[PDB]
């Protein structure tokens, strides 16, 4: 899509992550596992729920057809009546179908953007203390135990604490 993240530089989704829309897979010595980003998932829920409610409410004032009857010498106004009612039904059908098409496109791109922004949040935390694999994954230049990983998730990673160790491994490998 527009932001390059979903079905882009991140090739696929995780059946494994069940309790979130966006988040993380960590793999250290303690072992692997999935964890959802609560903050960005909740922000996305608020946005989509508001959008659905906004689309419904904007259609509160839509045209309501009424039965009128005409005799056999009132064919002109019978036809005027039928065209007026069909006319409004076709206008409100177009409005509903188009609003849904256009907001569906914005919703998918909204998700694409939320993933890209989550990835950038992490990249700007880790800086040269990790390697960008280009598949959504960051290979750490240091050891990052389950309590280091959580510091990345909650957005309080101490860059100086690990930078000296990271430099020694980085200048070694590259």
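Numbering follows the first chain given and starts at 1.
Asker: Decide which of the stretches 11 to 19 and 159 to 167 has the higher mean C-alpha B-factor, going by the entry.
Answerer: Between 11 to 19 and 159 to 167, it is 159 to 167 that shows the higher mean C-alpha B-factor.
Asker: 131 to 139 versus 102 to 110: which one carries the higher mean Cα B factor per the record?
Answerer: Higher mean C-alpha B-factor: 131 to 139.
Asker: Using only the C-alpha B-factors in the record, can you name which of 51, 38, 68, 116 has the highest?
Answerer: Checking the PDB record, the top C-alpha B-factor among 51, 38, 68, 116 is at 38.
Asker: Return the residue from 120, 46, 64, 29 that has the highest Cα B-factor in the entry.
Answerer: Of the options given, 29 has the highest CA B-factor in the PDB entry.
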